[PDB]
Every structure is written in C-alpha cells, then in structure tokens.
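Asks: Model the structure of this input:
(one chain, ligands or ions: 1)
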Amino acid sequence: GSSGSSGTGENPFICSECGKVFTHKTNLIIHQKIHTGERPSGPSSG
Ligand SMILES: [Zn+2]
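Replies: Numbers count the residues shown, from 1 in each chain. For reference, the structure is listed below:
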C-alpha cells in the first residue's frame with residue numbers, strides 16, 4: 001500500500017505541452033513555438 005508519487009522541488013517554468021523546464025521565461029516561450037506551428041487537415045468542410 002504505497003502511492004509511489006513524487007513532487008519535491010519548485011520549478012521556474014514548464015512547457016505544459018511537452019514538459020520542458022527552462023531557466024528564463026523567454027527561453028520557454030521561444031521553445032513552445034515548436035508546438036504552435038502545424039497545418040490543419042485541409043479544406044474538408046462539406
Ligand atoms: Zn514544449
């Protein structure tokens with residue numbers, strides 16, 4: 001009977017997308033860019 005969880009060590013920032021920690025908030029924002037850059041399926045509408 002053990003939860004087996006963890007979480008001891010405050011963090012500056014984390015990419016909710018993938019989960020990458022960055023020293024500066026600027027470095028993180030610049031990274032997230034990779035997450036925001038995909039094209040939609042297409043014209044498929046009807
Ligand atoms: Zn990311």
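Asks: can you dump the C-alpha coordinates of the helix or strand containing residue 29 into PDB?
Replies: Here residue 29 sits within helix 25-32, counting by DSSP states H and E. Output of helix 25-32 as PDB, limited to C-alpha atoms (Å, rounded to 0.1, in the frame of the first residue of the first chain):
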ATOM      1  CA  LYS A  25      10.600  32.600 -19.200                       C
ATOM      2  CA  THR A  26      11.800  33.900 -22.500                       C
ATOM      3  CA  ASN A  27      13.600  30.700 -23.400                       C
ATOM      4  CA  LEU A  28      10.500  28.700 -22.800                       C
ATOM      5  CA  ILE A  29       8.200  30.900 -24.800                       C
ATOM      6  CA  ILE A  30      10.600  30.700 -27.700                       C
ATOM      7  CA  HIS A  31      10.500  26.900 -27.400                       C
ATOM      8  CA  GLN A  32       6.700  26.500 -27.300                       C
END
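Asks: in that helix, what's buried?
Replies: By 16 or more other Cβ atoms under 10 Å, the buried positions in helix 25-32 come out as residue 28. Bear in mind the C-beta positions are built from the backbone N, C-alpha and C, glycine included.
Asks: Now do it: everything it contacts.
Replies: 12, 13, 14, 15, 17, 20, 22 (Cβ atoms under 8 Å, 6 or more residues apart in numbering).
Asks: run the last query once more with 6 Å
Replies: 13, 15, 22 (Cβ atoms under 6 Å, 6 or more residues apart in numbering).
Asks: Check stretch 5-18 too.
Replies: So stretch 5-18 is contacted by 21, 22, 25, 28, 32, 35 (Cβ under 6 Å, 6+ apart).
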